[PDB]
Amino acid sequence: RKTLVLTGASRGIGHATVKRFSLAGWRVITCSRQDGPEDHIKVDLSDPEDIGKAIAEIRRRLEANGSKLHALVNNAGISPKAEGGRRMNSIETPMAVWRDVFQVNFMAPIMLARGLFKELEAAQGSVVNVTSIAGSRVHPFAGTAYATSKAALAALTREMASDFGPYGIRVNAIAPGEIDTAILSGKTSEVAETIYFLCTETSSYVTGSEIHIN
């Protein structure tokens, strides 16, 4: 059975992605901060100790599938609001928020990919980083730490593709057409379809690309 590890399995893009892969017959292991149990991992992606614990548990679970990981999809993302639900801009964002937003949005994707490297290599698998329109334009719904971490994630995706390529692992990004509602207080189907494309045989030769959904 082909296996997917998905972060950010929330309502919207997350659900749509779990549904598409499930209906295609994949084993889907979701990661979330919240509590088939063999296919959920509770992990705080702002906490490097907890990420290490999750990676080790995912590796144990993948032993059932021949220690192969066919896909890692990094869809977790946070955008903390300022006081009273306001968008948090560059002047107002405290150090702690820059740190935690870059840890969840930007570091966890590479920590997970290199932590799960043996299994991605064994499967000649695929890594998909979900980027954002906020990474290239100022958006009222997304604060500055989210925008900048997503811009950094697009560049990380490019660098990862170059680094992972010689090991046979393709790495790509997808930027949905609109801001992911999961950072707020048909289109989602199309994002899930494109993630599925990037994880299946049709995209075998595609790496280092960022697909923008219109």
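We number the residues from 1 along the sequence you see.
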* From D35 to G36, how many deposited residues does the entry skip: none, 1 to 3, 4 to 9, or 10 or more? -> 4 to 9
* To do: Would you tell me which stretch averages the higher CA B-factor in the PDB entry, 137 to 145 or 106 to 114?
  => 137 to 145
* Asked: Which has higher Cα B-factors on average according to the PDB entry: 115 to 123 or 96 to 104?
  -> 115 to 123
* Considering only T3, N214, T7, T207, which residue's Cα atom bears the greatest B-factor as recorded? -> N214
* Asked: With respect to the C-alpha temperature factors reported in the PDB entry, which of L184, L156, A173, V28 ranks highest?
  -> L184
* **Ranked against its chain, the third holding the CA B-factor of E63** => highest
* Asked: Can you tell me which third, lowest, middle or highest, the CA B-factor of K53 falls into for its chain?
  -> middle
* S46's Cα B-factor: lowest, middle or highest third of the chain? -> lowest
* To do: Compare the C-alpha B factor of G77 with those of the other modelled residues in its chain, then answer lowest, middle or highest third.
  => lowest
* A152 - which third its CA temperature factor falls in, relative to the rest of the chain -> lowest
